[PDB]
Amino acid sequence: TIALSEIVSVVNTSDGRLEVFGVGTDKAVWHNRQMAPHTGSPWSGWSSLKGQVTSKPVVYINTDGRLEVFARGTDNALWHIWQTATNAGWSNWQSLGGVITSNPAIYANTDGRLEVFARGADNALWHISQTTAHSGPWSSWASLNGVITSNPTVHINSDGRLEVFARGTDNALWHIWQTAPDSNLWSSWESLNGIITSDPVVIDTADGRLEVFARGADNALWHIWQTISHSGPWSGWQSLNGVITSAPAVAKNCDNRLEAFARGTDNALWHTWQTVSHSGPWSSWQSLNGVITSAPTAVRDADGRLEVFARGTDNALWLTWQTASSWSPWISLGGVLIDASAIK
């Protein structure tokens, strides 16, 4: 099992609007977007992209600005749907085949080719990629092996090498990396040790280091980071304390200070942030209230403010954001969302 998942995928679009993707009771993918590129913009409301999915739907932005959404289908294949033009209309759902047993994880190679990572029936990590920048057709499926028990997460190093993170059968954090940008050549799997009870979250720091956050065996938030830009050795695990009842979400303030969000024991949203600078010590955990039934999802908007989404007790998506002094009261974006995570 893993800590309670994020309920939506969010992106800050090429025209600076937040757009959220979730799963309805009907197992279709629904999306909601800001009208305007500003904190507190009015929202479209929920509209259906249809499909029938059995994973979290995961949006990624192509290097040409076109959104593309990846999800496991009811047939256990990887499916996708994409904008035919930047912030315009959508394709039909198309199958990329395979059989997958996790949420997909996506990143652009330095050459503009999306690469998708997902667990297989064998609990190994599999991958498939665009054969040309921001376009089909796609490569054959292949395996990067391992034995994983969490959803995988991918990020790019500051030298353009993709790196993937996942929990192992021993409940340690494991990782594997490209040996060169855009490559089909990967490292061996390596253990970063620890005992983790959530999906891992990966972010690039202002100084080009990967930093991974995960819930610990004690339900505290832990983190570990590359000690040199795009390189090991890693720091070894450090606790950020708290007692959290969901997966964490992490985003960068516009001054690059990291901020972590998670559900607390009182079912409120809690957060901890770097103080002073992106090199600064972490704050005490503080409450942002709400009563939430999912992990929070955090994103920086076009005004450089953090916005956080979470499911409420009514199964609506609710939203709070940074103000000059504080955070805004929770508002409802409505909808009825399910946790469709392929791993729970």
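Rigid core here is just the name for the largest C-alpha set that superposes within 1.5 Å across the two forms. One-based numbering along the sequence shown.
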Item to check | Stretch with larger C-alpha RMS deviation in 8 other deposited structures of this protein, core superposed, 79 to 87 versus 137 to 145 | outcome: 79 to 87
Checklist entry - Going by the B-factors listed in the PDB entry, is the mean over the C-alpha atoms higher for 308 to 316 or for 59 to 67? => result 308 to 316
Next on the checklist: Please compare 107 to 115 with 260 to 268 and say which has the higher mean C-alpha temperature factor in the record.
Outcome noted: 260 to 268
Item to check | Identity of residue with top Cα B-factor, from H134, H155, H230, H127 | outcome: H230
Checklist outcome for this item: Residue set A302, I292, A36, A298, per-entry CA B-factor max assigned to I292
Next on the checklist: Can you tell me whether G216 has a C-alpha B-factor in the lowest, middle or highest third compared with the other modelled residues of the same chain?
Outcome noted: highest
Next on the checklist: Lowest, middle or highest third: which one holds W330 when the chain's residues are ordered by CA B-factor from the entry?
Outcome noted: highest
Item to check | Assigned third (lowest, middle, highest) for the C-alpha B factor of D255 | outcome: middle
Checklist entry - For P200, does the deposited CA B-factor place it in the lowest, middle or highest third of the chain? => result middle
Next on the checklist: Is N12 in the lowest, middle or highest third of its chain when residues are ranked by C-alpha B-factor?
Outcome noted: middle
